[PDB]
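Survey of secondary and tertiary structure
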Amino acid sequence: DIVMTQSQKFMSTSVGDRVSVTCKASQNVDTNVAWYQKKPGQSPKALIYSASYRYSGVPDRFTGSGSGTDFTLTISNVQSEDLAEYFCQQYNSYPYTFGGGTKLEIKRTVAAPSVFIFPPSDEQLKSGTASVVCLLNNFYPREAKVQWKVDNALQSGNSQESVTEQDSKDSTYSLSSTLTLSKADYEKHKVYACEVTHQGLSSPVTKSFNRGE
Amino acid sequence: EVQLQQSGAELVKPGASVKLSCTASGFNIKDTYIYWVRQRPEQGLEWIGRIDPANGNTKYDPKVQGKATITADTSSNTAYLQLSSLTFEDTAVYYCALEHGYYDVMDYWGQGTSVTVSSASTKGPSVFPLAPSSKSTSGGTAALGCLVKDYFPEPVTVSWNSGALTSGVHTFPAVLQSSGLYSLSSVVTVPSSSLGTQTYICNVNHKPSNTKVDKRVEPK
């Protein structure tokens, strides 16, 4: 039960700043500690070995330090591509154990979302179901509100939404919301709209279409 | 060079068994220690065990001893993770890792294999186009995508143009519908000027249901 404790679950930094991720070993592990970087949707990538030795191809901005029980991964000149979860690991004694991980968040300027709407496909309509998709592209900060309106009536309880992880190139977020009705209920109304509220907008943005072009 | 390819996503019943594979290419595994680790929502990254395919010696985490058995076949350059008496807590992404020893930590990782322990049956998704239109274009760019609706379990893999299209792609996290089925969307922004000359195909794989779909997303 050699526990690797990373007290910082999340850390906010800016492009160009320096961030230090700490790793706490419950027992002495000398310098037998490695550091991993877990990008979203990818496999873990080994950054540092022997507490302070970087891998072939790892940039010089990633520096590791520590001995015994206190270890530190330092990321200087933080780039937007550095968005990932960082895990420490001891390999001094079995069983090998990983830290809880530290998620790196990057703060950037406010960016308003680009709002797009997709009517249900003809393929889906023949199946008896109609899904309308509202897309919010490349906004910051992450907080945003989507409201569905059908014939100017606010919808409730018939939609699901999800937000992406922070983008590795521009540090923005994206959001997709789906309004799903039966085909019978879909053909009963005319105007479908998603109303978007975001810090980058001075007024709610409405994206709509009329059923039947 | 060295590439680790793991078996596809699985859906297993409670108390059943599953055998995951990790085939190495471009490197004889007799020079390696092969590791298996798992990732769970709460427990984080957990070391499972290690095998030396040169002699078959295995070192396990005593918490999973008996439930996990790692073997290797040097002829196929393939290592295996056999999981027995699967409980609901065994749902995780299982990674295989390869190390030589000169830099001396897991430097080559597989893509991972998602194993879902559940009594519910698999369901293959429908794949619908999110067609580019005047309502998804602005500033010379067009948004298009694919709606992967009503499947179980996670995960679903989405690529665009067989992997040739990666810029501007957003594959959103899946949402859990009331029925217990999942849905996700994958979108990409492209030049509106070339919608008539370029072809955009989303490639959707859902391994537990043997679903492999290539949906062409046409404008209008």
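Deposited coordinates in this entry are attributed by the record to X-ray crystallography, at a stated resolution of 2.04 Å.

Chain B has the name HY18-5B1_Ch Fab Heavy Chain in the PDB entry, where Mus musculus is given as its organism. Anyone opening this PDB entry will find it titled "Crystal Structure of HY18-5B1_Ch Fab in the Apo Conformation".

Chain A appears in the PDB entry as HY18-5B1_Ch Fab Light Chain from Mus musculus.

Moving on to the nonpolar core. If you look at soluble globular proteins, the nonpolar side chains tend to sit buried side by side. Counting 43 residues, the largest nonpolar core has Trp35, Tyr36 and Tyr86 of chain A together with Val105 and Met106 of chain B as its most contacted members. Excluding anything up to four places from it in sequence, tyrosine 86 of chain A contacts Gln6, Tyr36, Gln37, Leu47, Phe62, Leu73, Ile75, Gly101, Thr102 and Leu104 of chain A. Ranked by size, the runner-up nonpolar core spans 25 residues in total, among them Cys22, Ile29, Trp36 and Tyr60 of chain B.

Next up on the list: the interface of chain A and chain B. Taken together, the contacts link 45 residues of chain A with 37 residues of chain B. Contact between chain A and chain B buries roughly 3,600 Å² in total, counting both sides, with carbon and sulfur atoms accounting for 66%. By the criterion of area lost to chain B, the three top residues of chain A are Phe98, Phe116 and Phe118 of chain A, representing 15% of everything that side buries. In this structure, the connection of chain A to chain B is made through 0 salt bridges. Summed over the shared surface of chain A and chain B, the number is 8 residue pairs in polar contact. For the side of chain A that touches chain B, the element with the most residues is strand β13 (residues 129-139) of chain A, which contributes 6 residues.

Turning to the domain arrangement of chain B, a few remarks are in order. Residue and element names in this part refer to chain B. Split by domain assignment, chain B resolves into domain 1 (3-117) and domain 2 (126-216). With centres defined by C-alpha atoms, the gap from domain 1 to domain 2 works out at 31 Å. Contacts between the two partners involve 6 residues from domain 1, matched on the other side by 6 residues from domain 2. Taken together, domain 1 and domain 2 are joined by 0 salt bridges. Between domain 1 and domain 2 we count 0 residue pairs in polar contact in total. At the level of secondary structure, the elements contributing two or more residues to the side of domain 1 that touches domain 2 comprise β2 (10-12) and β11 (113-117).

The next subject is the sheet that holds strand β12 (residues 114-118) of chain A. Residues and elements named next belong to chain A. An order of β12-β13-β17-β16 is seen for the 4 strands of this open sheet, with the pairing classed as antiparallel. The open sheet has two edge strands with one neighbour each: β12 and β16 (159-163). In this sheet, adjacent strand axes meet at a mean angle of 15° when their direction is disregarded.

Turning next to the state of the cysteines. One pass over the structure, following the stated rule, counts 4 disulfides over all chains. The residue that forms a disulfide with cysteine 134 of chain A is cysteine 194 of chain A, at a sulfur-sulfur distance of 2.0 Å. Taking the torsion about the S-S bond as the criterion, the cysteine 134 of chain A to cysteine 194 of chain A disulfide, at about 70°, is right-handed. Of this pair, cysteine 134 of chain A sits in strand β13 while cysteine 194 of chain A sits in strand β18 (residues 191-198), and the two are 60 residues apart along the sequence. Here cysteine 146 of chain B pairs with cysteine 202 of chain B through a disulfide, and the sulfurs are 2.0 Å apart. With the S-S dihedral at roughly -90°, the linkage between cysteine 146 of chain B and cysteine 202 of chain B falls on the left-handed side. Linking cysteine 146 of chain B in strand β14 (residues 141-151) with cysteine 202 of chain B in strand β19 (residues 201-206), this pair joins segments that are 56 residues apart in sequence. For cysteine 202 of chain B, a relative accessible area of 0% gives the class buried. Shown here for chain B is a disulfide pattern of 1-2, 3-4, where each number marks a bonded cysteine counted in sequence order. Sequence-ordered numbering of the bonded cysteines in chain A gives a pairing of 1-2, 3-4.

Criteria and thresholds
- Residues numbered from 1 in each chain as written, not as in the entry; some residues may be left out.
- Chains lettered and ligands numbered in written order.
- Heavy atoms only, no water.
- Residues with missing side-chain atoms left out of burial classes, pairs and counts.
- Core = buried A, V, L, I, M, F, W, Y, C linked by side-chain atoms within 4.5 Å.
- Buried < 20%, exposed > 50% of the residue type's maximum accessible area, 1.4 Å probe, protein only.
- Contact = heavy atoms within 4.5 Å.
- Buried area = accessible area lost by both parts, 1.4 Å probe.
- Salt bridge = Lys/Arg side-chain N within 4 Å of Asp/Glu carboxyl O.
- Polar contact = N/O pair within 3.5 Å; in protein donor to acceptor, adjacent residues only side chain to side chain.
- Helix = DSSP H or I, 4+ residues; strand = E, 2+ residues; numbered from the N terminus.
- Domains from an automatic or database assignment.
- Pairing = 2+ DSSP bridges.
- Axes fitted to C-alpha atoms, helices over the stretch in contact; angles between N-to-C directions.
- Disulfide = S-S within 2.5 Å.

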